[PDB]
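Participant: Sharing a structure, written as structure tokens. Questions coming.
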2 protein chains.
Amino acid sequence: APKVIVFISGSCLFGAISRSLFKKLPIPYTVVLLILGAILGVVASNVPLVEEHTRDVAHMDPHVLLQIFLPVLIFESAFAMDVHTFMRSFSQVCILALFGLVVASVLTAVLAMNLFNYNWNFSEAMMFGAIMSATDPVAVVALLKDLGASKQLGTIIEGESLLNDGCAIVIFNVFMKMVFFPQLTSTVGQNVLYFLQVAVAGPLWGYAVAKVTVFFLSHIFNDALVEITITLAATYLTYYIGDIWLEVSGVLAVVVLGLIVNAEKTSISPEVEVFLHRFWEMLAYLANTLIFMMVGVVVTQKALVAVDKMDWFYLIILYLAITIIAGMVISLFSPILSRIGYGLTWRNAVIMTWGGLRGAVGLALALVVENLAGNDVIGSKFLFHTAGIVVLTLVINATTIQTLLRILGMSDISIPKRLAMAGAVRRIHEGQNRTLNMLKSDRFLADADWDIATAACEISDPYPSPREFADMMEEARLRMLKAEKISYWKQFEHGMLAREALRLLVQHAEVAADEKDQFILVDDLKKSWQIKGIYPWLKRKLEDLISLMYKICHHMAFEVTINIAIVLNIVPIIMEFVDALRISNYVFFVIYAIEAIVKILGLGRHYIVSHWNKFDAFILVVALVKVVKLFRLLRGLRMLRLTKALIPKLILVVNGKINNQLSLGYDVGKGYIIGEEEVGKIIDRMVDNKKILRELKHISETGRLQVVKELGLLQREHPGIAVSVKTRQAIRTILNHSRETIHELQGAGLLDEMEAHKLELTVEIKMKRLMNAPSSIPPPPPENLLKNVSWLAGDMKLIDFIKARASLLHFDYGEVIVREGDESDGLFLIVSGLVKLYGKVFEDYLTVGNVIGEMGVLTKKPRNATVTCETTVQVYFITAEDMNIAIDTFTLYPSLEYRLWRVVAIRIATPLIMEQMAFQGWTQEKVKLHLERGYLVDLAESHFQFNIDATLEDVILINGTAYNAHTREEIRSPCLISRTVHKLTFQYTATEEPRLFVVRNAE
Amino acid sequence: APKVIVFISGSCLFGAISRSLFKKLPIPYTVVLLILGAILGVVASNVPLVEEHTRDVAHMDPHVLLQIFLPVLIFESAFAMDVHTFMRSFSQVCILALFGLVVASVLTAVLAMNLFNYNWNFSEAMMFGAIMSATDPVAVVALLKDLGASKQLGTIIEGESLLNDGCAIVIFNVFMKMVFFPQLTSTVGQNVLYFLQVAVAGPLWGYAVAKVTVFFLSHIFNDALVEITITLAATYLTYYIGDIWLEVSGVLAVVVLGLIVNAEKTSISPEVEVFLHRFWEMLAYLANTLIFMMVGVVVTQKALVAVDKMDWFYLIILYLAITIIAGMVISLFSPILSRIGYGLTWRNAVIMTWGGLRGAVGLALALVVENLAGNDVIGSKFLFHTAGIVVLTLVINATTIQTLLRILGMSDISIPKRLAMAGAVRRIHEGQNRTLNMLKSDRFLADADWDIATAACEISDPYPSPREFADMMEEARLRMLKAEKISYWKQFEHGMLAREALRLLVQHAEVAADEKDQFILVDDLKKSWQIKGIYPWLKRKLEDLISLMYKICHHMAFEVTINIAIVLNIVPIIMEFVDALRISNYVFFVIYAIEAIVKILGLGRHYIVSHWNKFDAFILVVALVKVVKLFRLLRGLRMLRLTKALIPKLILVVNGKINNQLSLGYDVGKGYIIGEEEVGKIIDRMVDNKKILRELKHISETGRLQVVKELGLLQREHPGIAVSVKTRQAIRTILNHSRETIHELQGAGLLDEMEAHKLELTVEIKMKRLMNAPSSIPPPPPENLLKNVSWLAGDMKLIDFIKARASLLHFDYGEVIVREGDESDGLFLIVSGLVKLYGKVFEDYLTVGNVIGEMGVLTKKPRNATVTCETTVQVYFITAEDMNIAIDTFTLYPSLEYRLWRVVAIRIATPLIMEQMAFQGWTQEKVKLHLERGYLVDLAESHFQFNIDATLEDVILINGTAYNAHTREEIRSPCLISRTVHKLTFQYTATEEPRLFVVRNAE
């Protein structure tokens, strides 16, 4: 009976000890595992009891390593990494990784032939080179994450190393079959078929299983166990079907699964994500520690009795050569691949060519070779050289990478840490001092040991002239970039931005920051919503043209019955090409009679269908009838009916792809617009030069106008996808705000924990259902647009009155609707097309669902902005006389005048509160939500005098000329009343009736 | 080769299907698993291919069920439940569960003897009863959690059922050995020793392994993988060592390990807790579904071919009998055990005697019996009756428990849902409507489909006269209880309360709520800090009196060298009772010479120690020397030096127990005091009767005074533990507030996600290090108390000046220190003892570290409260003339006068802002932290006139008479200035100087 408990338990304990005790040291903890295994190996070589307890795990079957350890170690790497940045340039990175591994393997094999004195063939040398061409970027990515070189460079090298490991395993298997099992006699055509089976069919199987898994996972709500078990069983079944068919070369399939399931994380609950990540991390950790222990013991016991001085000399030469060729491949390949957008600097190339640590994949392959070799010296040489190279890398490179980085670019933390991390630690210290001073004046903690608290609560920092004009210009540019980054992050924390859009925006900000003089250029951002114009649009266009029983027999299972008949009939169809013939013939005749009477009924359909009717008639003609062997399969061509119902599914999937691109484009554009709008208000009081601030305002306005025009045209091009994405945005905003309300209720004590958990559960169910919505919502008719206006919704009589007196107007390109200075003819409502509103110095673009001329119909003022049609525009026109009639008709508390004045009041009051800036962090959304709570009260009830309390947070003058009760303080609209005022009255003037907007505090 | 992949995969798939499809249905999903297994069993009995694919998992070895399935199913139940309420009355619940299972098993066995026609012995019948005496409370606890009957009743029944399952397994094994393996022979002594091995040694082994595991887990910081692997390996090794020694009776050891590890959750990171809980949940889920599938197929294939009508009749009679005896045991046992503090009602007893569902433990035992029986009909009868009883319970009881509850107590949701859940949903709806109205007036989402958003964003509700005087009295009492519960929850969310203290307080509130007329009585709360007065205090007292080389050779390894020598010498000592004798004798002689020269050196220690020197001399006398066999072990009695170093460890563990009790007591007392203090201010403006509010204020004041006096005496009794717990409270408060500051920085965009993660990591490391602090911090000397005063700290010259002129006064019980009306002699500082400050109608208790008479030395006003010594009090006295000299000496910006005025200003201004309550949700802590930011500015610099801005949040008049610039507004101190005021000036009056406190808004 084999003894394994002590070895596994001791490996776990020693891994914990080495992991905890080598946290601070720069050396990796795995070399400690290697030396511990070496000591255990020499002890077992001396002591027989330790040998008995060690021999059953130290010398295992090679299929344990090939079938259990390597799939886990590769799947954890594939599953752990983020893919949304790596899968943008997936094909090119795949090509780069494959080419690099192939060339490095060939140079290592040539070195193994000419330099080494062992009589080694090309197959043995190529397996040798494939072993020593598998790297590990863990140190490089760890030291590049915190240094802030790029978040788009660690993912690239991570994915490249993952593909490197996969192809290294594949070629190792290909050459191991030739070396150790030479009885096989596959030909050139068989080799080509095997290459097609490995490099194409495997990833396709993994992709299909992954797609089915996400499809079934998206329909499970509030069940963590079902999702976890389904995901794990799908992983095992993918591995098993790949393993029994492609042997160890069928790892690529599971790799693909690990990527695809990682990409579609929205169908997986976050608790399921964290559980699966920790699960696979623990499995890979156990495999890693076991591999290092067993290679240590088996390299001390066996491979250290057949070594000479020439072996050590060859190990040193090979260590030099692998570094030389690792530099050579990146020198000859990476500068050509400048299309990545992450062009190599002098520091980055040397960092990623020096931190090429070796890992446990090559050690496992060397273990497999040593097990398969037997008593031959080839396994001993393989294990000795692989272990020596791993040791040399893990010492020298892993300890000297930081020193090399300091030599290259001083390893300096730069500004992000120089200043930011200083602010936080200074204000954290001040808050802690304030809390401690509050605690010292308590009544119950007055006897606490304050030395202990003070010492154990503080934290530590982890880390005129043209020249003057250029200096303030650079300072203002850096300040604007910093403020834009703050705005993007604040938009993220409120749930108004997705993670990918925020990452794109901050990547553009960081790219523009380190340049000498470059702001956020629209051309870099334009590659977020322009990606629709590829083959998906053409494919959707091509499929658009292709597409008593049609209504009475119509149901959710009308054609599904025929589809079920096809699915039931494929099984007797498919057995002919792969006794029981009589029953199959009888059911064939029954189904043929059924479809014959179906076609007889369809003869009354007036032959409307052109393709499907002809194909069904041909099918019936074939079914009604050595040519017998041919006719046995000729009747089996009855799959012409599946492609009739498959066209909508392909249309749906191309709609999903277009929507997935358009959502990211819209998020990027909206975030940029909001960031510029906030930064223009922020930088107004932080610049001490009129020319500099004028230039900054000009460039910001130009960029914002270009972005908004492009977004409007993108909406115009395809309405269904735009309506779908905007609806999803609105629903996400509402759900996020309701979740915030739930959390605020829970914090105030008014909600128990279980009640809050139930409400949060309902909110998450609604979010998961929203994330699987239709990807193309049809645009609404203009009547729905007229009925859904903010000041018209809810009143059926008013809706009928306005709809009866409204007219439709159509305008072409270049027409002018209304010029400046003219009297207000009426009120517009854009229902189709973009339009440009320009006047006095300002210019904006209005799109569908927008209203023009509310101020003109309210205050009877002349127009002040010319409106020109950018496209063919359809508008709704309401005459001003009808608007006056409707105003004088409705006299309820939700008055037409009241709502009409409230809308323009909020619209004119938001910029004043934004420009005020008596605080910080007052975003446009939270300013708008603060102004929404406020209301205006007519002065007729209060005898034209208002008494000011301090319960108001802000008071704004939206109309007329103010007159306070002290010295008749006179102010002009629109203006934010000065903080130091008193109670104000008003005089009834028939020419102008002033009105004001007052906002209370939060209850 | 066996085929198992299809069966396991289909079991997982069918479990997912049944679990998802039967969420809404009231029936449990496991009966669907049973019918699916039955259909598969009849198909395999017909079709041979399905039989080949089913027979290898359907008919497994019984040791797979005994060694893998039952340990997992019991450990998951033990590990999942919370224990801090169940382990309060652990021994009594254990006794109750054991007695109930024993009697019910007896009753069942008698029924299986007399009624059934099978010739069954006592052992077979007792194994039958042990199989059918194992229940499952899952439905009862699920329907009692949401109903809100009691949070202290679900845990009790959960633990009782867990112990029931464990003892059922134990007795099943005991009788299965007698039934199926009768070759063994048992005596009285052998059976007694086996009982001692099972019922004592196993739980002790589990407890010891658990203690070692928590000890090693508490020293690991920032390593999830190490903690997870150590915990899982500890679980396996506990199971293995218990297994190979006790067979299936190691479940007690693994249950003890699960409970003890779950109790000590503070040494385990929360991510580790959630991972381990999900891991064991998934394992138990797989075991459950597999067991139900194979019992279905086996009962269909085998047990359904040997049944008669009499078998069904006996099944019905047994189903009635098990319910009858389940009622009988709870009728005869539970009313006696009413000492737990959770008495049984009429509804609860019937609910917990009707919802006795059967589970997979009994099914697994029946499968084991069926496997062991062979071709005998006993296994068929066992499986048939067990499966029938499980089916009948899972249908009838699991579907009719809700109907029975609605018959008993209407299953009505009561008030907590009637009102609370209505407020939240109404408010949530209003917030959603506000957000939607904000979104409709946007510029980019103006074309969204608002019908879809409106329909998919709304949520649904889950659910004079004495009589008049009594009505308002009841309304006021319910309002006070609700406000107290809100205050306790708000204290929890701020981190000022622990979970156990909050649970105790809300349990007392709910207990007092449903009574006719009963407030929060101090006697119920007194059982939180009175639990010190048990044997731990006496044990600590008894151990207190027991306890050139002592300093020069002293180090961290001085006596540890001798301890290491003892640890090295036990191995040659212990082998005598269990060739190599010469080396052992030589090292014995070497160690004896070493300790002889140690005693020679110790001869110069003047023979100071009495016990240890005598024992060491006796050890040396023994070591310097068929009696040879006795002397071979006589020299082995050298374990008298470990108990010298073991006394401090036992003192430390009893200190830890005392501290663990005292922390809960202090938290309960502090939370009650704060809740009463807030509720007294809240209810002031919510009561419309002077008599009712006077009575409520009187009872609240009496309770608060009693609690604060008891807490002061508890501090007085033992200073070290009190200082330790108060220091831990202060450090926890500071760390929580710093974490809040980090989150607020992250929300405002000024901190990146990675920087915030690093700062949070440092905060969690500090919290984990704080949770493992010493449990007895020595009290400070009075000099440290004088140097740590809030208005004296930081100034070394002032500290020296005050310390030079301070005197120490000692007073006994009953003395009066200063009476009312007398002139202020000076300033006090309590450094030892409790003291009572009573005067004018008010009365309070002051403890160490408190200052009396600051107002008297500031404003030179006569004393207004007599101060009487409740105990022997040591105080620090500073003369008033020296205080005046110090005031007139220091003239820097931190003035003594300014600091004293700020302290008394915050002290006098906190109640005014507390009473104002302009915005609800104002806690005392937040009011204090808001007042801390404010400062007072002297009127001499501003020419005795102050200009009011609206940048102030609150203005308070702490001294003098105010005189505004309008009508010379006159107000008297202390008073909160009316919100409607203007800029005020002041006149220089030599007799009294008005001073005021102004607080700005948040930047």
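All chain A residue numbers match Swiss-Prot; in order, they span 74-536, 570-653, 670-700, 730-776, 797-1011, 1031-1193.
Going by what the header records, the deposited coordinates were determined by electron microscopy, 3.1 Å.
Any Cβ shown, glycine's included, is placed from N, Cα and C.
As annotated in Swiss-Prot:
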type	residues	note
BINDING	A:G1043, A:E1044, A:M1045, A:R1053, A:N1054	3',5'-cyclic GMP binding site
REGION	A:163-250	region 'Transport core domain'
REGION	A:575-620	region 'Interacts with the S4 segment of voltage sensor domain'
REGION	A:860-919	region 'Interacts with the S4 segment of voltage sensor domain'
SITE	A:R803	site 'Contributes one equivalent gating charge'
TOPO_DOM	A:97-101	topological domain 'Cytoplasmic'
TOPO_DOM	A:120-135	topological domain 'Extracellular'
TOPO_DOM	A:153-162	topological domain 'Cytoplasmic'
TOPO_DOM	A:189-194	topological domain 'Extracellular'
TOPO_DOM	A:250-260	topological domain 'Extracellular'
TOPO_DOM	A:293-296	topological domain 'Cytoplasmic'
TOPO_DOM	A:337-343	topological domain 'Cytoplasmic'
TOPO_DOM	A:378-382	topological domain 'Extracellular'
TOPO_DOM	A:413-418	topological domain 'Cytoplasmic'
TOPO_DOM	A:447-450	topological domain 'Extracellular'
TOPO_DOM	A:753-760	topological domain 'Cytoplasmic'
TRANSMEM	A:77-96	transmembrane segment
TRANSMEM	A:102-119	transmembrane segment
TRANSMEM	A:136-152	transmembrane segment
TRANSMEM	A:163-188	transmembrane segment
TRANSMEM	A:195-220	transmembrane segment
TRANSMEM	A:224-249	transmembrane segment
TRANSMEM	A:261-292	transmembrane segment
TRANSMEM	A:297-319	transmembrane segment
TRANSMEM	A:323-336	transmembrane segment
TRANSMEM	A:344-377	transmembrane segment
TRANSMEM	A:419-446	transmembrane segment
TRANSMEM	A:451-481	transmembrane segment
Participant: Can you list, in sequence order, the residues of the same chain other than A:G1043, A:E1044, A:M1045, A:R1053, A:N1054 whose CB lies within 8 Å of the CB centroid of the 3',5'-cyclic GMP site?
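Facilitator: The answer, listed by sequence position, is A:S995, A:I1042, A:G1046, A:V1047, A:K1051, A:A1055.
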Participant: Distance between the CA atoms of A:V776 and A:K797, in Å, given 20 unmodelled residues in between?
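Facilitator: Both gap-flanking Cα atoms are 16 Å from one another.
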Participant: In the region 'Interacts with the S4 segment of voltage sensor domain' (A:860-919), how many residues does DSSP call helix, how many strand, and how many coil?
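Facilitator: Helix, strand, coil within the region 'Interacts with the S4 segment of voltage sensor domain' (A:860-919): 57 helix, 0 strand, 3 coil.
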Participant: Between the transmembrane segment (A:419-446) and the transmembrane segment (A:224-249), are there three or more C-beta pairs closer than 8 Å, counting only pairs 6 or more apart along the chain?
Facilitator: yes
Participant: Taking helix as H, G and I and strand as E and B in DSSP, count the residues of the topological domain 'Cytoplasmic' (A:753-760) in helix, strand and coil.
Facilitator: 4 helix, 0 strand, 4 coil
Participant: How many Å lie between the CA of A:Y536 and the CA of A:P570, given 33 residues are missing there?
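Facilitator: Between the Cα atoms flanking the 33-residue gap there are 38 Å.
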Participant: Could you tell me the C-alpha distance between A:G1043 (3',5'-cyclic GMP binding site) and A:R803 (site 'Contributes one equivalent gating charge') in angstrom, no decimals?
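Facilitator: A:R803 (site 'Contributes one equivalent gating charge') has its Cα 75 Å from the Cα of A:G1043 (3',5'-cyclic GMP binding site).
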Participant: Are there residues at least six beyond either end of the topological domain 'Extracellular' (A:250-260) with Cβ under 8 Å to its Cβ atoms? List them, or say none.
Facilitator: 194, 196-197, 200, 267, 445-446
Participant: Mind checking which residues reach the transmembrane segment (A:297-319)? Cβ under 8 Å, same chain, six or more beyond either end.
Facilitator: 140, 144, 148, 270-271, 275, 278-279, 282-283, 285-286, 289-290, 326-327, 330, 334, 341-342, 344-345, 348-349
Participant: Would you confirm whether the transmembrane segment (A:451-481) and the transmembrane segment (A:102-119) meet the contact rule of 3 or more C-beta pairs below 8 angstroms, pairs 6 or more apart in sequence?
Facilitator: yes
Participant: So if I measure Cβ to Cβ from A:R803 (site 'Contributes one equivalent gating charge') and keep only same-chain residues at least 6 apart in sequence, which ones fall under 8 Å?
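Facilitator: Listed in sequence order: A:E698.
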Participant: Are the transmembrane segment (A:344-377) and the transmembrane segment (A:77-96) close enough that 3 or more Cβ pairs fall under 8 Å, when only pairs 6 or more apart in sequence count?
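Facilitator: Contact between the transmembrane segment (A:344-377) and the transmembrane segment (A:77-96): present, because at least 3 Cβ pairs are under 8 Å.
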Participant: Using a Cβ-Cβ cut-off of under 8 Å, list the residues of the same chain that are 6+ residues beyond the ends of the topological domain 'Cytoplasmic' (A:153-162) and lie near it.
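Facilitator: Answer is 224-225, 228-229, 231-232, 235, 332, 335-336, 350, 353-354, 413, 606, 609.
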Participant: Which residues of the chain, 6 or more past the ends of the transmembrane segment (A:323-336), have a CB below 8 A from one of its CBs?
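Facilitator: Sequence-distant neighbours of the transmembrane segment (A:323-336): 143-144, 147-148, 151-152, 154-157, 160, 235, 239, 242-243, 271-272, 275-276, 278-280, 282-284, 286-287, 304, 307-308, 311-312, 315-316.
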Participant: Identify, in sequence order, the residues in the chain of A:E1044 (3',5'-cyclic GMP binding site) that are 6 or more apart from it along the sequence and have a CB within less than 8 Å of its CB; answer 'none' if there are none.
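Facilitator: Those within reach of A:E1044 (3',5'-cyclic GMP binding site), by Cβ under 8 Å and sequence separation of 6 or more, are A:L998, A:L1090, A:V1093, A:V1094.
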Participant: Which residues, sitting 6 or more apart from A:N1054 (3',5'-cyclic GMP binding site) on the same chain, put a CB under 8 Å from its CB?
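Facilitator: The list for A:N1054 (3',5'-cyclic GMP binding site) reads A:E991, A:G992, A:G1010, A:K1011, given in order along the sequence.
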Participant: Counting only CB pairs under 8 A, let me know which of A:163-188, A:195-220, A:344-377 has the most with the transmembrane segment (A:136-152).
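Facilitator: Stretch with the highest Cβ contact count: A:344-377.
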Participant: Out of A:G1043, A:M1045, A:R1053, which has the highest number of nearby Cβ atoms, where nearby means within 10 Å of its Cβ, if these are the binding-site residues?
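Facilitator: When each Cβ's neighbours within 10 Å are tallied, A:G1043 leads.
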Participant: I'm a bit unsure how to read this: which one of A:102-119, A:163-188, A:195-220 has the highest number of Cβ pairs shorter than 8 Å with the transmembrane segment (A:344-377)?
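Facilitator: Maximum Cβ contact count belongs to A:102-119.
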Participant: Given a Cβ distance threshold of under 8 angstroms, which distant residues of the chain, six or more beyond its ends, lie next to the topological domain 'Extracellular' (A:120-135)?
Facilitator: 75-77, 79-81, 113-114, 363, 367, 370-371, 374, 440-441, 444-445
Participant: Does DSSP put A:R803 (site 'Contributes one equivalent gating charge') in a helix, in a strand, or in coil?
Facilitator: helix
Participant: If you measure from the Cα of A:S653 to the Cα of A:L670, with 16 residues left unbuilt in between, what do you get in Å?
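Facilitator: Cα-Cα distance across the unmodelled segment: 22 Å.
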Participant: The topological domain 'Cytoplasmic' (A:293-296): which same-chain residues, six or more beyond its ends, come within Cβ distance under 8 Å?
Facilitator: 303, 932, 936, 939-940
